[PDB]
>>> print(open('my_file-v5.cif').read())   # mmCIF, C-alpha atoms and all ligand atoms
data_data
loop_
_atom_site.label_atom_id
_atom_site.label_comp_id
_atom_site.auth_asym_id
_atom_site.auth_seq_id
_atom_site.Cartn_x
_atom_site.Cartn_y
_atom_site.Cartn_z
CA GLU F 29 66.91 92.13 103.58
CA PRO F 30 69.35 89.70 101.89
CA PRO F 31 71.51 92.79 101.24
CA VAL F 32 72.04 92.86 105.01
CA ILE F 33 73.55 89.36 104.75
CA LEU F 34 75.62 90.60 101.80
CA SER F 35 76.88 93.40 104.03
CA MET F 36 77.88 91.03 106.83
CA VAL F 37 79.68 88.63 104.49
CA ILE F 38 81.54 91.57 102.91
CA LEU F 39 82.58 92.81 106.34
CA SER F 40 83.70 89.33 107.43
CA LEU F 41 85.74 88.79 104.26
CA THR F 42 87.44 92.16 104.69
CA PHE F 43 88.27 91.37 108.31
CA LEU F 44 89.74 87.95 107.49
CA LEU F 45 91.89 89.19 104.58
CA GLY F 46 92.87 92.58 105.99
CA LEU F 47 94.76 91.94 109.23
CA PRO F 48 97.46 89.50 107.94
CA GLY F 49 98.61 91.29 104.78
CA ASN F 50 98.48 94.76 106.30
CA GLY F 51 100.43 93.70 109.38
CA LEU F 52 102.93 91.88 107.15
CA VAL F 53 103.52 95.02 105.08
CA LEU F 54 103.84 97.17 108.20
CA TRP F 55 106.43 94.86 109.77
CA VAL F 56 108.44 94.33 106.58
CA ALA F 57 108.66 98.02 105.71
CA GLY F 58 109.26 99.01 109.34
CA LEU F 59 112.16 96.76 110.31
CA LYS F 60 114.02 96.17 107.03
CA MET F 61 114.56 99.42 105.09
CA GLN F 62 116.09 102.74 106.18
CA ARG F 63 114.05 105.87 106.87
CA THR F 64 113.50 108.01 103.78
CA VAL F 65 111.06 110.78 102.98
CA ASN F 66 109.15 108.53 100.56
CA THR F 67 108.38 105.30 102.42
CA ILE F 68 107.24 107.06 105.61
CA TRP F 69 104.04 108.12 103.84
CA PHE F 70 103.18 104.58 102.75
CA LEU F 71 103.97 103.36 106.26
CA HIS F 72 101.53 105.90 107.70
CA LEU F 73 98.87 104.92 105.16
CA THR F 74 99.22 101.23 106.00
CA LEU F 75 99.09 102.00 109.72
CA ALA F 76 95.85 103.95 109.21
CA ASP F 77 94.34 101.09 107.19
CA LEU F 78 95.33 98.59 109.91
CA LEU F 79 93.74 100.79 112.58
CA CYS F 80 90.59 100.86 110.44
CA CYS F 81 90.47 97.07 110.08
CA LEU F 82 91.16 96.60 113.80
CA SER F 83 87.72 98.07 114.69
CA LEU F 84 85.76 95.87 112.25
CA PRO F 85 84.60 93.07 114.66
CA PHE F 86 82.36 95.41 116.65
CA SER F 87 80.49 96.55 113.54
CA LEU F 88 79.83 92.91 112.63
CA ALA F 89 78.63 92.22 116.18
CA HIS F 90 76.21 95.14 115.96
CA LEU F 91 74.99 94.03 112.54
CA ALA F 92 74.35 90.45 113.68
CA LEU F 93 72.15 91.48 116.65
CA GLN F 94 70.24 94.36 115.01
CA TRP F 97 73.83 96.98 120.97
CA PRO F 98 72.46 96.18 124.46
CA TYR F 99 75.76 96.94 126.22
CA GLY F 100 76.88 100.50 126.84
CA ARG F 101 76.34 103.79 125.01
CA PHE F 102 80.08 104.40 124.63
CA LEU F 103 80.58 101.97 121.75
CA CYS F 104 77.80 103.49 119.61
CA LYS F 105 79.59 106.86 119.86
CA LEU F 106 83.17 105.63 119.45
CA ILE F 107 83.09 102.96 116.73
CA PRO F 108 81.56 105.15 113.96
CA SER F 109 84.30 107.73 114.62
CA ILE F 110 87.25 105.47 113.78
CA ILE F 111 86.04 104.82 110.22
CA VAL F 112 85.67 108.55 109.49
CA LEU F 113 89.12 109.18 110.99
CA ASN F 114 90.48 106.48 108.68
CA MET F 115 88.86 108.11 105.65
CA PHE F 116 90.21 111.57 106.49
CA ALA F 117 93.74 110.39 107.24
CA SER F 118 93.88 108.29 104.06
CA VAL F 119 92.63 111.12 101.85
CA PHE F 120 95.08 113.64 103.29
CA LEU F 121 98.03 111.25 103.02
CA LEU F 122 97.14 110.43 99.41
CA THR F 123 96.95 114.10 98.43
CA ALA F 124 100.27 114.76 100.19
CA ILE F 125 101.86 111.88 98.27
CA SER F 126 100.50 113.24 94.97
CA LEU F 127 101.67 116.79 95.74
CA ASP F 128 105.17 115.61 96.65
CA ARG F 129 105.44 113.44 93.53
CA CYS F 130 104.36 116.36 91.33
CA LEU F 131 106.72 118.77 93.12
CA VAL F 132 109.82 116.56 92.81
CA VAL F 133 110.07 117.53 89.12
CA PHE F 134 109.85 121.21 90.07
CA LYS F 135 112.73 123.63 90.59
CA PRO F 136 115.64 122.56 92.85
CA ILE F 137 114.60 125.26 95.36
CA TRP F 138 112.06 122.90 96.93
CA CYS F 139 114.10 119.79 96.08
CA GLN F 140 117.07 120.88 98.22
CA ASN F 141 115.30 123.14 100.74
CA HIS F 142 114.27 120.77 103.56
CA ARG F 143 114.19 117.27 102.04
CA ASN F 144 114.68 115.65 105.44
CA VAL F 145 112.86 112.91 107.34
CA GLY F 146 111.96 115.28 110.17
CA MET F 147 109.87 117.38 107.79
CA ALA F 148 107.95 114.29 106.70
CA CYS F 149 107.33 113.30 110.32
CA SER F 150 106.10 116.80 111.18
CA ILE F 151 103.78 116.93 108.16
CA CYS F 152 102.36 113.51 109.07
CA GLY F 153 101.75 114.76 112.60
CA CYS F 154 99.86 117.76 111.22
CA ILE F 155 97.84 115.47 108.93
CA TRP F 156 96.80 113.26 111.85
CA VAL F 157 95.94 116.29 113.99
CA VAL F 158 93.69 117.77 111.29
CA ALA F 159 92.02 114.38 110.81
CA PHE F 160 91.27 114.14 114.53
CA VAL F 161 89.87 117.68 114.77
CA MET F 162 87.63 116.97 111.75
CA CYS F 163 86.57 113.67 113.36
CA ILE F 164 85.48 115.00 116.79
CA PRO F 165 82.12 116.39 115.48
CA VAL F 166 80.99 112.86 114.58
CA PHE F 167 81.50 111.73 118.17
CA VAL F 168 79.78 114.83 119.55
CA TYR F 169 76.65 114.62 117.34
CA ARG F 170 75.56 111.05 118.03
CA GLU F 171 73.19 109.68 120.66
CA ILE F 172 71.02 106.65 121.39
CA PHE F 173 67.30 107.34 121.09
CA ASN F 179 68.70 101.16 120.59
CA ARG F 180 68.67 103.25 117.41
CA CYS F 181 72.16 104.53 116.58
CA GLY F 182 71.80 107.62 114.42
CA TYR F 183 71.58 111.38 114.45
CA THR F 340 69.30 120.61 111.79
CA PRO F 341 73.05 119.92 111.85
CA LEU F 342 72.50 116.90 109.59
CA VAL F 343 72.04 119.12 106.54
CA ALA F 344 75.36 120.84 107.31
CA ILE F 345 77.64 118.00 108.46
CA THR F 346 77.17 115.92 105.32
CA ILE F 347 77.82 118.90 103.04
CA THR F 348 80.95 119.84 105.00
CA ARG F 349 82.29 116.28 104.79
CA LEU F 350 81.53 116.02 101.07
CA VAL F 351 83.25 119.34 100.40
CA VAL F 352 86.38 118.71 102.44
CA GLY F 353 87.10 114.99 102.30
CA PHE F 354 86.09 114.18 98.73
CA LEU F 355 85.95 117.27 96.50
CA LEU F 356 89.03 119.45 97.09
CA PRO F 357 91.66 116.65 97.35
CA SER F 358 90.16 115.00 94.27
CA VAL F 359 90.70 118.20 92.27
CA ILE F 360 94.23 118.60 93.63
CA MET F 361 95.24 115.05 92.71
CA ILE F 362 93.60 115.24 89.28
CA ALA F 363 95.40 118.48 88.44
CA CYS F 364 98.75 117.22 89.73
CA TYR F 365 98.60 113.96 87.79
CA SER F 366 97.40 115.72 84.63
CA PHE F 367 100.42 118.03 84.87
CA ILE F 368 102.70 115.03 85.46
CA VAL F 369 101.39 113.15 82.43
CA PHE F 370 101.56 116.24 80.20
CA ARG F 371 105.19 116.80 81.21
CA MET F 372 106.01 113.09 80.80
CA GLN F 373 104.58 112.90 77.28
CA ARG F 374 106.94 115.74 76.24
CA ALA F 375 110.26 114.05 77.18
CA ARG F 376 109.24 111.00 75.07
CA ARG F 377 109.22 112.99 71.77
CA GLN F 378 112.74 114.36 72.41
CA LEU F 379 114.12 110.87 73.18
CA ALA F 380 112.38 109.55 70.02
CA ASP F 381 114.01 112.28 67.89
CA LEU F 382 117.45 111.66 69.39
CA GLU F 383 117.05 107.93 68.72
CA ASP F 384 116.14 108.69 65.10
CA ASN F 385 119.24 110.86 64.69
CA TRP F 386 121.42 108.16 66.23
CA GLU F 387 119.86 105.57 63.91
CA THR F 388 120.46 107.56 60.71
CA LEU F 389 124.02 108.37 61.77
CA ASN F 390 124.59 104.67 62.38
CA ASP F 391 123.32 103.24 59.10
CA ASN F 392 124.97 106.01 57.09
CA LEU F 393 128.28 105.18 58.76
CA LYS F 394 127.59 101.53 57.90
CA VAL F 395 126.88 102.10 54.20
CA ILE F 396 129.82 104.47 53.74
CA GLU F 397 132.27 101.64 54.53
CA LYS F 398 131.06 99.43 51.66
CA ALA F 399 130.55 102.32 49.22
CA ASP F 400 132.87 102.76 46.24
CA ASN F 401 133.41 105.94 44.16
CA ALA F 402 133.60 109.40 45.73
CA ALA F 403 130.00 110.47 45.04
CA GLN F 404 128.18 108.11 47.41
CA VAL F 405 130.79 108.93 50.05
CA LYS F 406 129.97 112.64 49.78
CA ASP F 407 126.24 111.93 49.88
CA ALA F 408 126.53 109.74 52.98
CA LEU F 409 128.77 112.31 54.67
CA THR F 410 126.25 115.05 53.90
CA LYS F 411 123.45 113.04 55.49
CA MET F 412 125.66 112.24 58.50
CA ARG F 413 126.56 115.92 58.93
CA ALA F 414 122.92 116.98 58.85
CA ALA F 415 121.99 114.29 61.37
CA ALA F 416 124.86 115.23 63.69
CA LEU F 417 123.92 118.92 63.63
CA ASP F 418 120.28 118.10 64.34
CA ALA F 419 121.21 115.77 67.21
CA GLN F 420 123.52 118.37 68.75
CA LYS F 421 120.69 120.91 68.61
CA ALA F 422 118.53 118.55 70.69
CA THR F 423 118.71 119.07 74.45
CA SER F 434 125.28 121.29 83.16
CA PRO F 435 128.83 119.67 82.94
CA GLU F 436 127.36 116.64 81.10
CA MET F 437 125.58 119.11 78.74
CA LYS F 438 128.91 120.83 78.01
CA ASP F 439 130.48 117.37 77.66
CA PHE F 440 127.70 116.33 75.27
CA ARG F 441 128.08 119.45 73.12
CA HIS F 442 131.88 119.09 73.07
CA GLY F 443 131.56 115.49 71.92
CA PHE F 444 129.27 116.48 69.07
CA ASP F 445 131.63 119.33 68.12
CA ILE F 446 134.48 116.82 67.88
CA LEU F 447 132.30 114.51 65.78
CA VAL F 448 131.38 117.31 63.37
CA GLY F 449 135.05 118.22 63.07
CA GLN F 450 135.90 114.65 62.09
CA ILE F 451 133.03 114.67 59.57
CA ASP F 452 134.45 117.86 58.03
CA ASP F 453 137.89 116.26 57.83
CA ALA F 454 136.44 113.25 56.01
CA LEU F 455 134.42 115.44 53.64
CA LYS F 456 137.45 117.55 52.73
CA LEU F 457 139.53 114.41 52.20
CA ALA F 458 136.89 112.91 49.90
CA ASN F 459 136.40 116.15 47.93
CA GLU F 460 139.95 115.88 46.55
CA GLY F 461 139.29 112.47 44.97
CA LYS F 462 140.71 110.18 47.67
CA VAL F 463 138.62 107.20 48.78
CA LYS F 464 140.64 104.98 51.13
CA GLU F 465 141.74 107.89 53.32
CA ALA F 466 138.11 108.99 53.49
CA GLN F 467 137.23 105.44 54.56
CA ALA F 468 139.78 105.56 57.38
CA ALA F 469 138.58 109.00 58.49
CA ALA F 470 135.02 107.67 58.55
CA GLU F 471 136.04 104.62 60.59
CA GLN F 472 137.71 106.99 63.06
CA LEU F 473 134.33 108.34 64.28
CA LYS F 474 133.37 105.10 66.05
CA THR F 475 135.84 105.59 68.92
CA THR F 476 134.69 109.13 69.68
CA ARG F 477 131.03 108.12 69.35
CA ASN F 478 131.36 105.24 71.82
CA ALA F 479 133.54 107.21 74.23
CA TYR F 480 131.25 110.25 74.34
CA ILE F 481 127.56 109.74 73.55
CA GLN F 482 126.92 106.11 74.54
CA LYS F 483 126.92 106.91 78.27
CA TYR F 484 124.43 109.76 77.81
CA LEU F 485 122.17 107.52 75.71
CA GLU F 486 122.25 104.81 78.38
CA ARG F 487 121.47 107.33 81.12
CA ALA F 488 118.56 108.76 79.11
CA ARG F 489 117.08 105.25 78.81
CA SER F 490 117.51 104.39 82.54
CA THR F 491 116.37 107.90 83.65
CA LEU F 492 112.86 107.10 82.29
CA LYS F 493 111.35 103.73 83.38
CA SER F 494 112.07 104.61 87.06
CA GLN F 495 109.36 107.34 86.90
CA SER F 496 106.75 105.00 85.29
CA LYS F 497 107.30 102.21 87.89
CA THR F 498 106.09 104.85 90.38
CA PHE F 499 103.52 107.05 88.62
CA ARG F 500 101.39 104.01 87.80
CA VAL F 501 101.68 102.67 91.37
CA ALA F 502 100.42 105.99 92.72
CA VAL F 503 97.66 106.44 90.13
CA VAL F 504 96.18 102.97 90.63
CA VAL F 505 95.99 103.54 94.39
CA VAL F 506 94.33 106.94 94.03
CA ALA F 507 91.78 105.78 91.45
CA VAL F 508 90.85 102.65 93.42
CA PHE F 509 90.39 104.76 96.56
CA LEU F 510 88.06 107.25 94.87
CA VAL F 511 86.05 104.49 93.15
CA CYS F 512 85.58 102.63 96.43
CA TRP F 513 84.55 105.76 98.35
CA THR F 514 82.19 107.48 95.87
CA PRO F 515 78.97 105.42 96.60
CA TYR F 516 79.23 106.54 100.24
CA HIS F 517 78.85 110.23 99.38
CA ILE F 518 76.36 109.66 96.55
CA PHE F 519 74.05 107.85 98.97
CA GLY F 520 74.74 110.46 101.64
CA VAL F 521 73.57 113.25 99.35
CA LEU F 522 70.56 111.22 98.19
CA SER F 523 69.55 110.61 101.81
CA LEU F 524 70.09 114.30 102.59
CA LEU F 525 67.83 115.65 99.83
CA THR F 526 65.18 112.93 99.54
CA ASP F 527 62.48 113.06 102.19
CA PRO F 528 61.83 110.14 104.57
CA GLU F 529 58.49 108.37 105.17
CA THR F 530 58.50 107.31 101.51
CA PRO F 531 58.76 103.79 100.02
CA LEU F 532 62.08 104.95 98.53
CA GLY F 533 63.59 105.37 102.00
CA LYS F 534 62.59 101.83 102.96
CA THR F 535 65.15 100.41 100.52
CA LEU F 536 67.48 103.42 100.82
CA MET F 537 68.23 102.47 104.43
CA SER F 538 68.77 98.87 103.33
CA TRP F 539 71.33 99.86 100.69
CA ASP F 540 73.15 102.27 103.01
CA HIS F 541 74.62 99.21 104.76
CA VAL F 542 76.23 97.80 101.61
CA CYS F 543 77.53 101.25 100.64
CA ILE F 544 79.22 101.67 104.03
CA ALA F 545 80.48 98.08 103.84
CA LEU F 546 82.26 98.74 100.53
CA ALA F 547 83.65 102.04 101.79
CA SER F 548 85.13 100.21 104.79
CA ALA F 549 86.23 97.26 102.63
CA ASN F 550 88.62 99.46 100.63
CA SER F 551 91.28 98.67 103.26
CA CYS F 552 91.48 95.06 102.06
CA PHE F 553 92.00 96.18 98.45
CA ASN F 554 94.87 98.54 99.27
CA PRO F 555 97.68 96.12 100.32
CA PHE F 556 97.22 93.74 97.36
CA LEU F 557 97.99 96.34 94.67
CA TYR F 558 101.46 96.86 96.14
CA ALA F 559 102.38 93.22 95.52
CA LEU F 560 100.55 93.03 92.18
CA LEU F 561 102.22 96.12 90.68
CA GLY F 562 105.71 95.41 92.04
CA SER F 572 110.94 87.79 98.38
CA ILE F 573 108.32 89.75 100.42
CA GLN F 574 111.06 92.37 100.81
CA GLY F 575 112.14 92.13 97.17
CA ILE F 576 108.63 93.14 96.10
CA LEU F 577 107.53 95.57 98.82
CA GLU F 578 110.78 97.56 98.85
CA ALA F 579 110.78 97.74 95.04
CA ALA F 580 107.17 98.96 95.12
CA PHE F 581 107.97 101.63 97.75
CA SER F 582 110.46 103.53 95.60
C1 LIG S 601 81.06 104.09 108.91
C2 LIG S 601 79.69 103.88 109.51
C3 LIG S 601 79.26 102.63 109.91
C4 LIG S 601 77.99 102.57 110.45
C5 LIG S 601 77.25 101.33 110.97
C6 LIG S 601 77.45 100.13 110.03
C7 LIG S 601 78.61 99.38 110.02
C8 LIG S 601 78.74 98.31 109.15
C9 LIG S 601 77.71 98.00 108.28
CL1 LIG S 601 77.86 96.64 107.15
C10 LIG S 601 76.55 98.75 108.28
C11 LIG S 601 76.42 99.81 109.15
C12 LIG S 601 77.62 101.09 112.43
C13 LIG S 601 76.69 100.51 113.28
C14 LIG S 601 77.01 100.30 114.61
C15 LIG S 601 78.25 100.69 115.09
CL2 LIG S 601 78.63 100.42 116.80
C16 LIG S 601 79.16 101.28 114.25
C17 LIG S 601 78.85 101.48 112.92
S1 LIG S 601 77.38 104.19 110.43
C18 LIG S 601 78.78 104.91 109.72
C19 LIG S 601 78.95 106.42 109.39
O1 LIG S 601 80.03 106.91 109.28
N1 LIG S 601 77.87 107.19 109.24
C20 LIG S 601 78.07 108.61 108.94
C21 LIG S 601 76.92 109.12 108.05
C22 LIG S 601 75.79 108.08 107.92
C23 LIG S 601 74.96 108.34 106.64
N2 LIG S 601 75.83 108.21 105.47
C24 LIG S 601 75.36 107.74 104.38
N3 LIG S 601 74.09 107.37 104.31
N4 LIG S 601 76.14 107.62 103.32
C25 LIG S 601 78.10 109.38 110.23
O2 LIG S 601 77.62 108.86 111.27
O3 LIG S 601 78.62 110.53 110.27
#
>>> encode(input="my_file-v5.cif", output="structure tokens")
Amino acid sequence: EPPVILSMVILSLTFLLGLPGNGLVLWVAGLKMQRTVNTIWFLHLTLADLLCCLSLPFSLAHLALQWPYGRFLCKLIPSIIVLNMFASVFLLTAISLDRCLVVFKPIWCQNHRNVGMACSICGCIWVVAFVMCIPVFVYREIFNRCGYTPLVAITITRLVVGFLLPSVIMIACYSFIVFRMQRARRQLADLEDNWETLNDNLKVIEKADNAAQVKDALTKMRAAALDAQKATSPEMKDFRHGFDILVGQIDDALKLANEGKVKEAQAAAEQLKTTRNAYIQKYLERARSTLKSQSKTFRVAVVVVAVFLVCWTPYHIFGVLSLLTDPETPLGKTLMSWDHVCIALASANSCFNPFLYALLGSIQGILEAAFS
């Protein structure tokens, strides 16, 4: 019975902390940035969460007075929460799919990457959510007990569609993304190692006397340069041409040192710095910058997805347990009591969502950086 008071305080806290931040995010993202295929999805998700939190007061009013005013509210208010759940799940799986498909072939990257396509797909998402929602409105009546055979079927259908299939799709997509991301790292690591050995060999060769250490350092440099050139477009051709020039200069230095000349070998070795800086530095800088960008986004998506699933799982666990377990048992007496807190958490998810955007990213300077 105290759990009922826990439910009402949870609902009240969500209502008080959900309207301001969500409306703030909606306004900031709506009237500051410029329409792109990426931020429209987060705008739709925030709008759905705001619509969910806008119908909270009535649930609290019902829960405070055990509704002696109209049958319409008992049939409408439970529908909005389910519509919120369906729209949020579908938008999250669309976001995941798009993020995993960006790194695919350019066929889908250049095909129809336009804002109109995003608007149309969001329209289809909302339509499907509404069609899936209508059953809940239809199968609900006042006996003032507000509850529901079709019960055994509706719960299974909802569990299958809104929680099982999209979960598998997102898990597979993010597993593929992380497996592909862990691969690029090794290649960058190897290229950095080759650059490092080239660098310190070129450093030692300057201070090295006699023609034997010069040949040894040049041999190590040549091996490193060949290995780096093997690692892998106009920039690609440019990269390979730069390494070909570098290997040519290394050969010139080696042939000069073979004939027992030191100072000329030193000058030939010093000559490689200009070509190195003019050719490979820009590619190295791009390869560093062309990495963090992805992380600042993959983590932002993964945290949102995981938090959503964690907040919504008790709802379906308790739904299944109420479906299988028979009533008229002392278990049901507390099962009904705990159903309220489960639903309260499932509805409270909307307060958790808008804080992660600020935590993981001026109001604009943070929100716009998060929505990238
Ligand atoms: C979201 C929601 C909210 C509901 C309650 C309610 C709100 C706040 C709190 Cl703290 C406690 C109760 C409510 C009361 C009066 C009014 Cl006017 C509106 C809502 S019922 C309900 C819901 O969707 N039920 C599902 C399946 C039910 C069984 N599922 C289990 N067991 N997991 C459905 O009907 O299809």
>>> closest_atom_pairs(input="my_file-v5.cif", of="chain F", to="ligand LIG 601 (chain S)", cutoff="7 Å", atoms="all atoms listed in the file", output="JSON lines")
{"residue": "F:35", "atom": "CA", "partner": "S:LIG601", "partner_atom": "CL1", "distance": 4.6}
{"residue": "F:36", "atom": "CA", "partner": "S:LIG601", "partner_atom": "CL1", "distance": 5.6}
{"residue": "F:39", "atom": "CA", "partner": "S:LIG601", "partner_atom": "CL1", "distance": 6.1}
{"residue": "F:86", "atom": "CA", "partner": "S:LIG601", "partner_atom": "CL2", "distance": 6.2}
{"residue": "F:87", "atom": "CA", "partner": "S:LIG601", "partner_atom": "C7", "distance": 4.9}
{"residue": "F:88", "atom": "CA", "partner": "S:LIG601", "partner_atom": "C8", "distance": 6.5}
{"residue": "F:90", "atom": "CA", "partner": "S:LIG601", "partner_atom": "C14", "distance": 5.4}
{"residue": "F:91", "atom": "CA", "partner": "S:LIG601", "partner_atom": "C9", "distance": 6.4}
{"residue": "F:103", "atom": "CA", "partner": "S:LIG601", "partner_atom": "CL2", "distance": 5.5}
{"residue": "F:104", "atom": "CA", "partner": "S:LIG601", "partner_atom": "CL2", "distance": 4.2}
{"residue": "F:107", "atom": "CA", "partner": "S:LIG601", "partner_atom": "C16", "distance": 4.9}
{"residue": "F:108", "atom": "CA", "partner": "S:LIG601", "partner_atom": "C16", "distance": 4.6}
{"residue": "F:109", "atom": "CA", "partner": "S:LIG601", "partner_atom": "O1", "distance": 6.9}
{"residue": "F:111", "atom": "CA", "partner": "S:LIG601", "partner_atom": "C1", "distance": 5.2}
{"residue": "F:112", "atom": "CA", "partner": "S:LIG601", "partner_atom": "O1", "distance": 5.9}
{"residue": "F:166", "atom": "CA", "partner": "S:LIG601", "partner_atom": "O3", "distance": 5.4}
{"residue": "F:181", "atom": "CA", "partner": "S:LIG601", "partner_atom": "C14", "distance": 6.7}
{"residue": "F:182", "atom": "CA", "partner": "S:LIG601", "partner_atom": "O2", "distance": 6.7}
{"residue": "F:516", "atom": "CA", "partner": "S:LIG601", "partner_atom": "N4", "distance": 4.5}
{"residue": "F:517", "atom": "CA", "partner": "S:LIG601", "partner_atom": "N4", "distance": 5.4}
{"residue": "F:519", "atom": "CA", "partner": "S:LIG601", "partner_atom": "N4", "distance": 4.8}
{"residue": "F:520", "atom": "CA", "partner": "S:LIG601", "partner_atom": "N4", "distance": 3.6}
{"residue": "F:523", "atom": "CA", "partner": "S:LIG601", "partner_atom": "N3", "distance": 6.1}
{"residue": "F:540", "atom": "CA", "partner": "S:LIG601", "partner_atom": "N3", "distance": 5.3}
{"residue": "F:541", "atom": "CA", "partner": "S:LIG601", "partner_atom": "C10", "distance": 4.0}
{"residue": "F:542", "atom": "CA", "partner": "S:LIG601", "partner_atom": "CL1", "distance": 5.9}
{"residue": "F:544", "atom": "CA", "partner": "S:LIG601", "partner_atom": "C1", "distance": 5.7}
{"residue": "F:545", "atom": "CA", "partner": "S:LIG601", "partner_atom": "CL1", "distance": 4.5}
{"residue": "F:548", "atom": "CA", "partner": "S:LIG601", "partner_atom": "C1", "distance": 7.0}
>>> atom_distance(input="my_file-v5.cif", atom1="atom CA of residue F:486", atom2="atom CA of residue F:422")
16.2 Å
>>> atom_distance(input="my_file-v5.cif", atom1="atom CA of residue F:551", atom2="atom CA of residue F:46")
6.9 Å
>>> closest_atom_pairs(input="my_file-v5.cif", of="stretch 473-498 of chain F", to="stretch 377-393 of chain F", cutoff="10 Å", atoms="only C-alpha atoms", output="tab-separated table")
residue	atom	partner	partner_atom	distance
F:473	CA	F:393	CA	8.8
F:474	CA	F:393	CA	8.9
F:481	CA	F:386	CA	9.7
F:485	CA	F:383	CA	8.7
F:488	CA	F:379	CA	7.7
F:489	CA	F:379	CA	8.5
F:492	CA	F:379	CA	9.9
>>> write_last_selection(input="my_file-v5.cif", atoms="C-alpha atoms", output="mmCIF file, in the coordinates of the input")
data_model
loop_
_atom_site.group_PDB
_atom_site.id
_atom_site.type_symbol
_atom_site.label_atom_id
_atom_site.label_comp_id
_atom_site.auth_asym_id
_atom_site.auth_seq_id
_atom_site.Cartn_x
_atom_site.Cartn_y
_atom_site.Cartn_z
ATOM 1 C CA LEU F 473 134.330 108.340 64.280
ATOM 2 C CA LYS F 474 133.370 105.100 66.050
ATOM 3 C CA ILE F 481 127.560 109.740 73.550
ATOM 4 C CA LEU F 485 122.170 107.520 75.710
ATOM 5 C CA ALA F 488 118.560 108.760 79.110
ATOM 6 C CA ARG F 489 117.080 105.250 78.810
ATOM 7 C CA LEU F 492 112.860 107.100 82.290
#
>>> atom_distance(input="my_file-v5.cif", atom1="atom CA of residue F:351", atom2="atom CA of residue F:157")
18.8 Å
>>> residues_around(input="my_file-v5.cif", residues="residue F:64", least_positions_apart="4", cutoff="10 Å", atoms="only C-alpha atoms", output="PyMOL selection string")
chain F and resi 68-69+143-146+148+582
>>> write_last_selection(input="my_file-v5.cif", atoms="C-alpha atoms", output="short mmCIF file (atom, residue, chain, number, x, y, z; two decimals), keeping the file's coordinate frame")
data_model
loop_
_atom_site.label_atom_id
_atom_site.label_comp_id
_atom_site.auth_asym_id
_atom_site.auth_seq_id
_atom_site.Cartn_x
_atom_site.Cartn_y
_atom_site.Cartn_z
CA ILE F 68 107.24 107.06 105.61
CA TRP F 69 104.04 108.12 103.84
CA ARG F 143 114.19 117.27 102.04
CA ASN F 144 114.68 115.65 105.44
CA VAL F 145 112.86 112.91 107.34
CA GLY F 146 111.96 115.28 110.17
CA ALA F 148 107.95 114.29 106.70
CA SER F 582 110.46 103.53 95.60
#
>>> residues_around(input="my_file-v5.cif", residues="residue F:50", least_positions_apart="5", cutoff="9 Å", atoms="all atoms listed in the file", output="compact mmCIF listing (two decimals) with C-alpha atoms, in the frame of the given file")
# COMPACT_ATOMS: atom_id res chain seq x y z
CA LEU F 45 91.89 89.19 104.58
CA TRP F 55 106.43 94.86 109.77
CA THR F 74 99.22 101.23 106.00
CA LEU F 75 99.09 102.00 109.72
CA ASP F 77 94.34 101.09 107.19
CA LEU F 78 95.33 98.59 109.91
CA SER F 551 91.28 98.67 103.26
CA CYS F 552 91.48 95.06 102.06
CA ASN F 554 94.87 98.54 99.27
CA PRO F 555 97.68 96.12 100.32
>>> residues_near_point(input="my_file-v5.cif", point="(85.5, 116.9, 115.3)", cutoff="12 Å", atoms="only C-alpha atoms", output="PDB file with C-alpha atoms, in the coordinates of the input")
ATOM      1  CA  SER F 109      84.300 107.730 114.620  1.00  0.00           C
ATOM      2  CA  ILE F 110      87.250 105.470 113.780  1.00  0.00           C
ATOM      3  CA  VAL F 112      85.670 108.550 109.490  1.00  0.00           C
ATOM      4  CA  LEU F 113      89.120 109.180 110.990  1.00  0.00           C
ATOM      5  CA  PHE F 116      90.210 111.570 106.490  1.00  0.00           C
ATOM      6  CA  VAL F 157      95.940 116.290 113.990  1.00  0.00           C
ATOM      7  CA  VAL F 158      93.690 117.770 111.290  1.00  0.00           C
ATOM      8  CA  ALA F 159      92.020 114.380 110.810  1.00  0.00           C
ATOM      9  CA  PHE F 160      91.270 114.140 114.530  1.00  0.00           C
ATOM     10  CA  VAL F 161      89.870 117.680 114.770  1.00  0.00           C
ATOM     11  CA  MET F 162      87.630 116.970 111.750  1.00  0.00           C
ATOM     12  CA  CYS F 163      86.570 113.670 113.360  1.00  0.00           C
ATOM     13  CA  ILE F 164      85.480 115.000 116.790  1.00  0.00           C
ATOM     14  CA  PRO F 165      82.120 116.390 115.480  1.00  0.00           C
ATOM     15  CA  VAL F 166      80.990 112.860 114.580  1.00  0.00           C
ATOM     16  CA  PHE F 167      81.500 111.730 118.170  1.00  0.00           C
ATOM     17  CA  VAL F 168      79.780 114.830 119.550  1.00  0.00           C
ATOM     18  CA  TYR F 169      76.650 114.620 117.340  1.00  0.00           C
ATOM     19  CA  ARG F 170      75.560 111.050 118.030  1.00  0.00           C
ATOM     20  CA  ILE F 345      77.640 118.000 108.460  1.00  0.00           C
ATOM     21  CA  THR F 348      80.950 119.840 105.000  1.00  0.00           C
ATOM     22  CA  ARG F 349      82.290 116.280 104.790  1.00  0.00           C
TER      23      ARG F 349
END
>>> closest_residue(input="my_file-v5.cif", among="F:546, F:579, F:560, F:63", to="residue F:494", atoms="all atoms listed in the file")
F:579
>>> residues_around(input="my_file-v5.cif", residues="residue F:498", least_positions_apart="3", cutoff="10 Å", atoms="only C-alpha atoms", output="list in words")
residues 129, 493, 494, 495, 501, 502, 503, 561, 562, 579, 580, 581 and 582 of chain F
>>> residues_around(input="my_file-v5.cif", residues="stretch 463-466 of chain F", least_positions_apart="4", cutoff="12 Å", atoms="all atoms listed in the file", output="list in words")
residues 393, 396, 397, 398, 399, 400, 401, 402, 403, 404, 405, 406, 408, 409, 450, 451, 452, 453, 454, 455, 456, 457, 458, 459, 470, 471, 472 and 473 of chain F
